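Undergrad: Below: one structure in structure tokens.
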Amino acid sequence: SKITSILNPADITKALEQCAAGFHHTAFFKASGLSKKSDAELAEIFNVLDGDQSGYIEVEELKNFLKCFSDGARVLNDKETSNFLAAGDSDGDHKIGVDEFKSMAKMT
Ligand SMILES: [Ca+2]
Ligand SMILES: [Ca+2]
């Protein structure tokens, strides 16, 4: 998909392995290559993470973030999910919008 076209599978594997002892978004975004992608590439990624095309990554989607990169990956636990949301959700609506996703990828 766009994921495996935009990102290198080997980088995805690194980022997934890094999750074994706990998910940290900055480490994941670095390993995966997300923090090197352009504005426009990040919007494309956002659209495929937004499974229901709501315009947002809701918390229920965010729990399944790793599965967007590999379907067999684990779910995030509640601590992981809440910290990730907290990092991204600057406008206070408890979901991640396209602008917030770009900002989280490049400026954290
Ligand atoms: Ca959504
Ligand atoms: Ca938000």
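Residue numbering for chain A follows Swiss-Prot, covering 2-109 in order.
The way this entry was determined, per its header, is X-ray crystallography, 1.8 Å.
The backbone N, Cα and C atoms fix where each Cβ goes, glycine too.
Annotation source Swiss-Prot lists domain 'EF-hand 1' at 38-73. Per Swiss-Prot, Ca(2+) 1 binding site is recorded for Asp51, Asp53, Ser55, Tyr57, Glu59, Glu62. If you look up Swiss-Prot, you'll see 77-109 marked as domain 'EF-hand 2', on the strength of sequence analysis. Annotation comment: Swiss-Prot describes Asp90, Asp92, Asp94, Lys96, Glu101 as Ca(2+) 2 binding site.
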Undergrad: If I take the alpha carbons of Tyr57 (Ca(2+) 1 binding site) and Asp90 (Ca(2+) 2 binding site), what is the distance between them in whole Å?
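TA: That comes out at 11 Å between the alpha carbons.
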Undergrad: Here's one to test understanding: among the binding-site residues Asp92, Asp94, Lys96, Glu101, whose C-alpha is closest in space to the C-alpha of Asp51 (Ca(2+) 1 binding site)?
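TA: Spatially nearest to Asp51 (Ca(2+) 1 binding site) by Cα position is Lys96.
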Undergrad: Could you state the CA-to-CA distance between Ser55 (Ca(2+) 1 binding site) and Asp92 (Ca(2+) 2 binding site) to the nearest Å?
TA: 17
Undergrad: Can you list which of the binding-site residues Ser55, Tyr57, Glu59, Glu62, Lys96 have their Cβ under 6 Å from some atom of ligand 1?
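TA: Close enough to ligand 1 are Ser55, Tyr57, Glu59, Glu62.
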Undergrad: Round to a whole number and give the Cα-to-Cα distance in Å for the pair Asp92 (Ca(2+) 2 binding site) and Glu62 (Ca(2+) 1 binding site).
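TA: Per the Cα atoms, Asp92 (Ca(2+) 2 binding site) and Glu62 (Ca(2+) 1 binding site) stand 18 Å apart.
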Undergrad: Restricting the comparison to the binding-site residues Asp53, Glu59, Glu62, which residue's C-alpha is spatially nearest the C-alpha of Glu101 (Ca(2+) 2 binding site)?
TA: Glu59
Undergrad: Going by C-alpha positions, which of the binding-site residues (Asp90, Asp94, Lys96) is nearest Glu59 (Ca(2+) 1 binding site)?
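TA: Checking each of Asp90, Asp94, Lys96 against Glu59 (Ca(2+) 1 binding site), the shortest Cα distance is to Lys96.
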Undergrad: Of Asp90, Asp94, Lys96, which is closest to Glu62 (Ca(2+) 1 binding site) if I measure between C-alpha atoms? They're all binding-site residues.
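TA: Going through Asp90, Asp94, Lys96 one by one, the Cα closest to that of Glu62 (Ca(2+) 1 binding site) is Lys96.
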Undergrad: Which are the residues of the chain, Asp90, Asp92, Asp94, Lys96, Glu101 excluded, whose CB is within 8 A of where the CB atoms of the Ca(2+) 2 site average out, their centroid?
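TA: Here the non-site neighbours turn out to be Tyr57, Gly89, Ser91, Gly93, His95, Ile97, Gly98.
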Undergrad: Can you list which of these binding-site residues (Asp51, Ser55, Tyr57, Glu59, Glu101) have a Cβ closer than 6 Å to ligand 2?
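TA: Correct list: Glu101.
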Undergrad: Where does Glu62 (Ca(2+) 1 binding site) sit in the DSSP three-state scheme?
TA: helix
Undergrad: If you take the centroid of the Cβ atoms of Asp51, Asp53, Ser55, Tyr57, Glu59, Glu62, the listed Ca(2+) 1 site, which other residues of that chain have their Cβ within 8 Å of it?
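TA: Leaving out the recorded residues gives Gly52, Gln54, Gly56, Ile58, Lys96.
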